[PDB]
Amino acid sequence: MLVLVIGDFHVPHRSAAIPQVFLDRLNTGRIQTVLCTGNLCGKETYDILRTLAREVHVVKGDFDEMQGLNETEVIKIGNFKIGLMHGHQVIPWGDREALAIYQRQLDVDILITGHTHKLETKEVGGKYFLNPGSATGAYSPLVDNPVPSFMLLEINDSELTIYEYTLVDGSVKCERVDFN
């Protein structure tokens, strides 16, 4: 059960494009579902991930402009419950305790966050925190030299493996972690 985690590739009124290294590798990857943190470029992007997975899971962020969306959602893949949201509501942004209380509040095992534009996967009390980072290296007050990034995760029941993909200076890097 291998799912794509990505998002956060736009900000209000700023230029960005879509790498086809991620697409060309992910187009054939045989991904059943997709987990998105949000801030889509628009209707031109939210279908690209329908070429990737038949089921796409989207939520709202600071500069989302579509309709028919929820700002939070919870998912059960394998034996893993995971909570999806953008994190633009979490104040302060990226604070270690706020994510924790949100994670006891949502009764998830894993909480995806966005809006920091970094990859940052930190595990605590058996709880996993995954941030896709800026999928196209979008500009944020947090980062001015950002890298495009995303994360794939295969959940075989209780065993979960993560793949940290970063397009660093023309080189594609994968940093894989094995969890059980």
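Numbers for residues come from their place in the sequence shown, where the first is 1.
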The stretch carrying the higher mean Cα B factor in the deposited entry, 41-49 or 136-144, is 136-144
Assert higher mean C-alpha B factor (103-111 or 78-86, deposited values) equals 103-111
Note to self: of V56, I31, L119, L152, the C-alpha temperature factor tops out at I31
For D95, the third of its chain by CA B-factor is the highest
For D24, the third of its chain by CA B-factor is the highest
In terms of its chain's C-alpha B-factors, the third that includes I18 is the highest
In terms of its chain's C-alpha B-factors, the third that includes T166 is the middle
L160: C-alpha B-factor third of its chain, per the entry, is the lowest
